[PDB]
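First comes one chain, alone, set out as structure tokens in the form deposited in one PDB entry.
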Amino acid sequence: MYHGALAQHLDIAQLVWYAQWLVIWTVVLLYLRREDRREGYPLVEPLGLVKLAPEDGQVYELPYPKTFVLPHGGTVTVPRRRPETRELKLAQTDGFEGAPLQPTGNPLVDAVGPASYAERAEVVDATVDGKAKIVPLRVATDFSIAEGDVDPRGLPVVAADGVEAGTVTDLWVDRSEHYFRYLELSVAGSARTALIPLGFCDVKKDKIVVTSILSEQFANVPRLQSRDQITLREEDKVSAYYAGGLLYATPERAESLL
């Protein structure tokens, strides 16, 4: 006789094989794939002819809402209905449903395509003890540049067109993570500063090179409401502006590479 033999050529291991698959598909479809839908759902459609009710399917695919209670007050519940009311300066290139849209105006200023930001909260991200998290070193006075690294303050910023666009006057540090996230520059011949995320900066000994946008386009980098603070949505606006340059800084950037 055999250990594990159940009968017909049923044996224990054979049954556990089925159970194993079942457990995996259950967790994957009924749990994980519904956790995947806590943002962006329900899917939207141009000009829904009529919907007296959401499809049953739109109810079935969603998890029950969860509520985060935020560290500095308030709550957030997901999923939740978040239409984007904001007008998009885009036009259909064709009537076909999967056709690409295209900017009717200045995509960088209009914030469309790779220049889009998200509707983040207009709140200043905070440290664990309640202070503004991302602040200029003019303010974060006990923070410094590590010995060995370029101090960019004073250095020219050179834009994609090789033209100098301004002068770095400060660095903004993440006081929660001890990590620089933006440079601030005086924009040449304008009377404004602009932040630029450090990821768009090639930091050299004698200059900061920025290939995402041309010198002219620094004029229109999003402006902050305060000089020494920045909100989560502003961070999105500023970052997105340069990202948009990667596709839109010149006419030829959107066309085929090769």
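Don't overthink the numbering: it's just position in the shown sequence, from 1. Rigid core here is just the name for the largest C-alpha set that superposes within 1.5 Å across the two forms.
Below, we refer to the form deposited in another entry, which is not included among the displayed structures.
**Message:** Can you tell me which of these residues, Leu88, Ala188, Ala126, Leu155, is the one whose C-alpha shifts by at least 2 angstroms between the shown form and the other one after a rigid core fit?
**Reply:** Spelled out, the residue whose C-alpha shifts by 2 Å or more is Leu88.
**Request:** For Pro79, decide whether the Cα shift between the shown form and the other one is 2 Å or greater, given a superposition on the rigid core.
**Result:** Indeed, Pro79 is displaced by 2 Å or more.
**Message:** Distance change of 3 Å or more between the C-alpha atoms of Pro197 and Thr85 in the other form: closer or farther compared with this structure?
**Reply:** Compared with the shown chain, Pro197-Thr85 is closer in the other form.
**Asked** Hey, the CA atoms of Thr85 and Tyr242 end up closer or farther in the other form than in the shown form, with the change being 3 Å or more?
**Response** Pair moves closer in the other form.
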